[PDB]
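Coming up is one lone chain in structure tokens, specifically the form deposited in one PDB entry.
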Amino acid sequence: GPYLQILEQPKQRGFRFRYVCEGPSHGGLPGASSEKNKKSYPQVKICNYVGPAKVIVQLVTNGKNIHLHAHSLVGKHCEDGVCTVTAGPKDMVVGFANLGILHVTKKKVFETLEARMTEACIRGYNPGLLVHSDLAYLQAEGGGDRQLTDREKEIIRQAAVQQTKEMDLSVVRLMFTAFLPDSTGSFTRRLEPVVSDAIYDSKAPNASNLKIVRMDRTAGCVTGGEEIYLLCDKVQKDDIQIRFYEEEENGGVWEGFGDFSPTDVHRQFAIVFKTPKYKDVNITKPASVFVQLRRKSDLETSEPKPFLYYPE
């Protein structure tokens, strides 16, 4: 049966949600495989054609049951947190370049959410899926839906009250929904919507871009127990660790860990630790390895810093 598929997925880490105050984002949500040598943006295609359609993107949460998020996708074909673009006659590939994510404050959550659920329900933007398991019975587009009843508005309120409590403002997903032409003109054949993978705010303490900016000693004697002051960018004391390693590739490469306690991490921007023992014992010659910060929650890592062990 005809369908919607994501070609270019959105990249999970590295992009920052912006608050209204910050100004626009410089670029937009990037694609999973982007890099400076050659950048990229999220992309989807409607398989099995099924007539020139329209595609809507929306921000949903990262939970057991995907509901509406209170942050908003901002961009050219975007309005009220919902983006809407058309699938031209011949080309069924839709790309999403310059997509910003707008970050709401905890104050304006319930507020924004209630409106999103209101507009979703009247505009047929998947009310049973995202809003409440029992509502706005049916989808479609601009022909077969309109003004709400008290019971509904009421259901919409209890939903926003609860869901405001269970929303993470650090993680977000993209939901794409396509509409094939019903009757004549009126797009309304909604193909099953598909949710992208999680996108985490790089300004979130646990999804931050890890970095070693400078360390007092960049070489140490084989053994290790030499105290080193390392200055980094914001890290979480009970989740960070210093990883010394040697990329021998063909086999089990080397790996050791700087020694310290959570109390040694000074105000999130520095760690005073003690070097670990090189290749168990050692004698060698000056053996080069790398140092890096790594999060034990998600094993995400910082750019490497070259270290150098020297015999005794």
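So that the term is clear: the rigid core is the largest set of C-alpha atoms that superpose within 1.5 Å between two forms. Numbering starts at 1 and runs along the sequence shown.
Heads up, the form deposited in another entry isn't pictured, but that's what we're talking about next.
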* Asked: Just checking, between this form and the one not shown and with the core aligned, does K106 shift 2 Å or more at the CA?
  -> no
* Honestly, after the rigid core fit, is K203 moving at least 2 Å at Cα between this form and the one not shown? -> no
* Asked: Quick one: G14 and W254 C-alpha atoms, closer or farther in that other deposited form compared with this form (3 angstroms or more)?
  -> closer
* Say whether the C-alpha atoms of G143 and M117 sit closer together or farther apart in that other deposited form than in the form shown here, given that their separation changes by 3 Å or more. => closer
